[PDB]
Every structure is written in C-alpha cells, then in structure tokens.
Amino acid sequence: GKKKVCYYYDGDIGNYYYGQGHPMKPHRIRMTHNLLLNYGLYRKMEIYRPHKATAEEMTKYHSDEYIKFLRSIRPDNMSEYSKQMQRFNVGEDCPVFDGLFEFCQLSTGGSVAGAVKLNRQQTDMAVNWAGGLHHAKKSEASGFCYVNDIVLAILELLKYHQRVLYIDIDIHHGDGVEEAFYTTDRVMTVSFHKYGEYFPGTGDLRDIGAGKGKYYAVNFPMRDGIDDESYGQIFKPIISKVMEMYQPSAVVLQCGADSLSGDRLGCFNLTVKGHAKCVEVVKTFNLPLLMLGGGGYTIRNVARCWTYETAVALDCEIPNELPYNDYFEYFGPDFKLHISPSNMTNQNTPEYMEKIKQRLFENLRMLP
C-alpha cells in the first residue's frame, strides 16, 4: 500500500555556485523543493534538514588526503595547491568555488541520514534530490562530483543489509559506484546509460565485475534518442530478473534527470512519465528505498521530474497545471508539469534493446 516517505533538503543548497557558464546549477534543487511545496506534497511526508557530513563520515570511503584537500582548497589559495588540484582532478569540470566543502557536506548528509533512517526501520522511503553524485572516486573528483554520497549511503545500509541493489537511470554510467563495489557480491550495481563517444567512457555490457563481484555489475549501454516505449520495455524485465536472482533487502535508486528529453548535456528522449515509470517499478517490490538525484541541466525539467517522482513515492496524483511558485516563469511557455518528447531519431532499435536484454539475462543466470 502507501509508504512512509522522509525527504531531505537544506535551503542553503541553492546558493552554491560552480561559476560563470558551468552547467551544474545547485539552484535546481531549490526549484524542485519550491515546486513540490506549492503542490502541497509537504502534507504527506516528513521534511528533514540534513546534518553537515563530517570528515569521519566521508573517509569511510574516500582517502584521508583527498578529504583533507577538499577541506583546505579555496579560491583565494588555489596557486598554493597547483600539484594537488591536478592529482585530485579539481579546477576545470570540478572547479574550486566558495563553500565547496560545505556543499559536499550537505549533499552527503542527506544520503547518509536517509540510509540511517531506513536502517532504523523508521521510514519506507528516503529522498535526497541533492545527492546521487555517482562519478566521485576514492581519491578523485570527476564529472562535477567531489564526494560520492551514494557509496557512503550504501556502506551505511551494509551495516544492516546483507545485499543492497543500486539502480542508476542517469544518462551517464554510474562509474564511481560500480568501481567502489566491483569486487563484492554485497552490492549489485545496475546502470542504464548512453555508451559510445560519451562521458565517462566506461559501462560496456562486458564489464560484469571481478573476483567475488563477478556477475554483480550490470551495464545496459544505449544509443542516442531512447524514448519512453523503448526504456519501459527493458527496465521492468531487467529489474524483475535482478530482484528474482539477487534478492536484495534494500535498494538505492539514482534518478539522474539528464536522461530526459531536451537536457542541455544529454541526448536521450525520455519524458517525466517515462523517467518516473522507473520509480514506480522499483517501488512495487516493497523494499527499503533510498531515492537520490543526479545529473540534469535543463533545470525547469529537473524540477518537474523530481517533483513528479516525489508525488510517485507518495502515491499522490498531482495536476498537470503547475501551481504558482517562486520560479513560475522558468516553466513557460506552457506552465505544465509534463513534457513532450522531441522528434529526434531513436538509434536504439527494438531488436538492439531485446538483444542487450538477452545478453544481460545470460549473465543473471550465473548468480547462485
């Protein structure tokens, strides 16, 4: 039936700024919050402000030297850390900006707090739209991500759960999460993503894990222009088979919105309904669920997507007519919740989708 939802948000998150022209806009989290508040969705869930995650919490995965660097590096002292900036991949796609470390603490805090809430059996779902920073590595920033909140949240769930399932519908490969758990059977990582001449360059379907982790990494590589029909016809079959074979006791769903139609940096053609069908599918299994954000660069559509997916988590029908809100002008010219797909060609043929599905099914038969 209906499920208890705990939602994590800090109103300072929208004030952090990557710099002029950088496509990551933390403002999109504020837009999301304000839109879902104006739909009345606060009436049906508990809203929590995350703690600022400490260096102790972050070093459960990241190296002491990398976290020390993130704690120290500032725009005023950049010339002094020229070597370490290169070493840790900071200063270009992952810039130094004012309050960088506090920004990492906020995004991380929501995910780990959500994990603790799930472990204590005090909620069925935990939501942190500021999280899902799937590219960050043990000792390296990558793809706008500095601290891997997901890896830290999964490590928290592993205190109480033998098997945790990670599902990733961001357009990019969940490489940092996959790498962290590549040699263990205690986390199954499942990523659907664009593959071929695209960041981060990993997530071939032949990447299946290593050692004890062999067959516990799953990668569904896709081409440009996947639509709701094509996505929906593989997602439920793959996740159902994963649930059958792996039998996890907790789930982490990264809901990166850069897989939507019209994303500034993406080339997929999903609507909000198609994207949200993934949340509906995962939710039917009735397992403890941590829902996280991710990418998304057309910020009006990010706010629509995560507002609707919060409504899906609550089993709340909300009208397509957008309510008035602080960012109402961003949703023109239509001022509707749902989006239309573009006329871009779907390079993922029905035969391709079924063929990749059948090859992943072969690999899932190797589980005990």
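Heads up: residue numbers just count along the shown sequence, starting at 1.
- The PDB entry reports B-factors from which the mean C-alpha value can be compared for 138-146 and 90-98; the larger average falls on 90-98.
- Of the two segments, 251-259 and 226-234, the one listed with the higher mean B-factor is 226-234 (C-alpha atoms only).
- If you compare the C-alpha temperature factors of 276, 187, 289, 245 in the entry, 245 comes out highest.
- The PDB entry assigns the greatest CA B-factor among 195, 166, 216, 160 to 160.
- Residue 199 sits in the middle third of its chain by CA B factor, as recorded in the PDB entry.
- The entry lists a Cα temperature factor for residue 50 that places it in the middle third of the chain's modelled residues.
- Per-chain ranking of the deposited C-alpha B factor places residue 62 in the middle third.
- When all modelled residues of the chain are sorted by CA temperature factor, residue 75 is found within the highest third.
- Among the modelled residues of the chain, residue 28 sits in the lowest third by CA temperature factor in this PDB entry.
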